[PDB]
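A single chain comes next, written as structure tokens; it is the form deposited in one PDB entry.
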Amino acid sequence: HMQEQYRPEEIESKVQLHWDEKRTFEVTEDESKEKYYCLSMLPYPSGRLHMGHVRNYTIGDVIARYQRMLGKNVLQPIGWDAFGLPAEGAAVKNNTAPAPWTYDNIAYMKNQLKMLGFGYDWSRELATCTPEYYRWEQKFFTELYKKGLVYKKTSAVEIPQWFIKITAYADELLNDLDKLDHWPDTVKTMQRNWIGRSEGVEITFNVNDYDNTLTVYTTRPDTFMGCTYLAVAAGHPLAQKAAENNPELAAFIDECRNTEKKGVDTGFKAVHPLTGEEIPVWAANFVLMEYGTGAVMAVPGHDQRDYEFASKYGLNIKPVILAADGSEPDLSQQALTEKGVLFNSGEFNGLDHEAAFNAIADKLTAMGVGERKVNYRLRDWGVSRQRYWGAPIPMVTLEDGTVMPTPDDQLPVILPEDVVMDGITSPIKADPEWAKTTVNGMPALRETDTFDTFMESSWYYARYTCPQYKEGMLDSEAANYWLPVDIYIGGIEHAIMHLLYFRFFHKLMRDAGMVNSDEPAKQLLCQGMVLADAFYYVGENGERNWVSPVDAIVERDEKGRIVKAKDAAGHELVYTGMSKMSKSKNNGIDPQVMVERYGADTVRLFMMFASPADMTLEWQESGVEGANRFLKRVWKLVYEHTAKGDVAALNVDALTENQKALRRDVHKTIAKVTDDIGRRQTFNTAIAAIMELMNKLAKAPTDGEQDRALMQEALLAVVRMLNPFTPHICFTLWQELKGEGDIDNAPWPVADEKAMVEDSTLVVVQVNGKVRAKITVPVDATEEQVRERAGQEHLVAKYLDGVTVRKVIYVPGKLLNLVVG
């Protein structure tokens, strides 16, 4: 019989074994079913799950289990972003090498994920550090090279690097943000600003005693009459020409290479092409040599950086834009930034921003000293690292100096895993023999740098669709069946790195014919951070010592606010509130400890209950114990119910009004929970609705056969509704209730419309807008019947005593407001 006591330790590993043995969450490309691809950002194998992993993957798993119960064919994959820096650190610190360390972390973390009962298709599990994964990005990289999308260049970080031409897709990456209605605006705005398409004008100046011109780039050509000096990047040819005869500038250039406004007068004078005036050219620290032309016309009255530099160096500050209210601006403190009507600008006075922009661009073009120009903040993607633990770059240099891709017959370029790290140099660099190779029987040197680990995370989501496919990077039929990802769950912190790279890589894959869609993921859900209480004491040395909130001993006033805290050693603690988890504040909570203390189901439930998915969640032991206690109550109710044996069939027509009202609450809950999980994604309020119903069901009668049949229906519905959140307990309870088959394949409950119909309705009676009663009336009562009933309420009548009803507002079956005077 059913155990009386709920014991996660006797239930969770058994259900988990069942899921592995039956391969419950393994899926194929079944065209007779509607697909749903639920994806969570894959973990780095650091060694132990953190609470953010737990939140992220619980959200994914709730969604994946729900969509299955709706009858979809659901892919939920997991894997390991396994290359990267931290393994080198650890290898050196320990007796070891990056690979064994990494494989150990995977085993450990994998067992943690299974202990949490995330329903992954384990047969699609990938580790990005294996040659079976990385060979394909090696081959893809050679293809990109052949398409003209990859090149070598020396650059600052200064060293040679391999670049992929992400700028060749800048406009698509920008325009397609408008297809991403189910991405958060914050993420979209971050990518927009990162790409930074800029519409401006290049303007060329003649410079005295300089046998060249100087070209600047501006987005505010409308301010050109306020240009009081030019500034050039430290690395600009003009600055380097002047430094020939200028120690000060020479010194300044050198400092900038290494490295608050700073500059050196170049001594050169440029001629403003419209005013004829001579203006000074400075070399300045705020001017990036790599963007636009490496030079700007400075307009200190209207650019804040130009303002600060001009004040510091005594340069003229000229106003040429009116304030919003039409008034000449106050530039005594700072730049007037806003676009406005021109003054102090000759023939352009009175023009607004757009008119002035175009009039001045037009003029300078006609004069042949300017032209419209679009620039982009986006730079090409440097994918080269001088680091051991990553996929080797499949390029080779022939003795004659020809750089070319590694022949297809030498892919993959295997990174050797059995190495000894000396801590300062890559083993594949330190050994001069590794780079030696042959290409067409001519000696060749193979590349020794490895890929940026963003390389692996940029396409893993697609490889999951066909992870054992050996004929290519993607099996396109499989990929096009699963893709695009339906929901991608992970942090907002990846907004302009990975979240941009994976869109870009998707498009590269489409354009290699490998997929037939434009965007990799339809919905992006960024889960909020998990916070914990933070405490510290000040030692006798004046140093703050942070004390884990587990170890804090708190005391509270009679309304429960923390008023004093100590640690065991008796130090006085300062409470800093809820903060981001961190080693430095020492407030990290170990998910493994809570799983072992309360069971996975308690942890999962708490995490989904405590806060909306996209808001920060405040971890509280209090809350977790609450969720645990709720599970015991569910267990208890089902224990009591099943003790009493089978149930007769529910007779829906013969139910009492109290029975009808409970049954209506069951089905209204089904509908609210369905809407909340599936449309609104408010998982907290879904769980709240289940708790609310469970409270009612614990108070319902359970003697009569009808009461028991009603309870059976309710419990079969509650357990299914709980299942995506707490599936171990729900799997087991489902059997105890004698539900049909495994709960993982049971259909999501659907609300019975007949069960939800009401025989009465509550009407809120107001008098001049103030609630004076709430009356229950027949569901189809007429407005005059409702009125009559409201006047019979003494609570209302006593506000109708000796006053006149001027009018009435009535919302059928909801509200009657009697307006009186």
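We call the rigid core whatever largest set of C-alpha positions still superposes within 1.5 Å between the two forms. Numbering starts at 1 and runs along the sequence shown.
The form deposited in another entry exists for this protein as well; it is not shown, and the discussion that follows is about that form.
Asks: Once the rigid core is superposed, exactly one of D665, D475, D486, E519 has its CA displaced by 2 Å or more between the shown form and the other one; which residue is that?
Replies: Meeting the 2 Å or more criterion is only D665.
Asks: Can we say the CA of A790 moves by at least 2 Å between the shown form and the other one when the core is superposed?
Replies: Shift of 2 Å or more: yes.
Asks: After core superposition, I'd like to know whether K814 moves between the shown form and the other one (criterion: C-alpha shift of 2 angstroms or more).
Replies: Superposed on the core, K814 moves its C-alpha 2 Å or more between the shown form and the other one.
Asks: Core superposed first: is there a CA shift of 2 Å or greater at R561 between the shown form and the other one?
Replies: Comparing the forms between the shown form and the other one, which are aligned on their rigid core, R561 does shift its C-alpha by 2 Å or more.
Asks: Which way does the C-alpha gap of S46 and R544 go in the other entry, closer or farther, given it changes by 3 angstroms or more?
Replies: Between the C-alphas of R544 and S46, the gap narrows in the other entry (3 Å or more compared with this form).
Asks: Would you mind telling me if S579 and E625 are closer or farther apart in the other entry than in the shown form, C-alpha to C-alpha, with a 3 Å or larger change?
Replies: It is farther: the C-alpha separation of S579 and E625 rises by at least 3 Å in the other entry.
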